[PDB]
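Shown here is one chain on its own, the form deposited in one PDB entry, set out as structure tokens.
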């Protein structure tokens, strides 16, 4: 009961202490379901394929406070596989291909006001504009170059990723979604983002993220990540 409304970080669970006070202990891997399929497995950064995020996160939890735990991160969903190397040319296109991908992902994702449900008004307006522009690209005699149409998609993506935990930085684990097969040149994600980790704290901060995609510091709005 004391735990029914008590929530714990990823890889943890609430258990009552001696005083009956709820407390978050690392989850029991045995209390993790068996995957329905191989696709539900995940790959850590040291090329070790855990059986599910539950298994991974619970494992990483015991290692909390440890060096090994500090460096342990989810690389990508699905079992481990051969990942080709990111050639230097690939790494140069990555930000370019990525930001267009993000814009497009945003256009088909948020198409109607029903899609724009969890978006603030400021954001709703940004996608409206994105849509106004896209329609124009589908009919203007001579297409124009529009970097502005990248600002929101780029901010959006950051907020989407900044979840575990929502702190304003993206960890190797949080970038896992960007290592999926759908992403263009996903194999360049780690190399690229490392390139973005300016102060080298192993976290990509909003300015680091934005900067890496070519968003002017003037156009870095945190509201767009709300």
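Numbering follows the first chain given and starts at 1. Just so we're on the same page, rigid core means the largest C-alpha set that superposes within 1.5 Å between forms.
The discussion below concerns the form deposited in another entry, not included here.
Among the candidates 91, 137, 109, 96, displacement between this form and the one not shown reaches 2 angstroms at the C-alpha for one position only, 137 (superposition on the rigid core). Superposed on the core, the two forms differ at residue 122: its CA moves 2 Å or more between this form and the one not shown. The distance between the CA atoms of residue 134 and residue 189 is at least 3 Å longer in that other deposited form than in the form shown here. Compared with the form shown here, the Cα atoms of residue 220 and residue 122 move at least 3 Å farther apart in that other deposited form.
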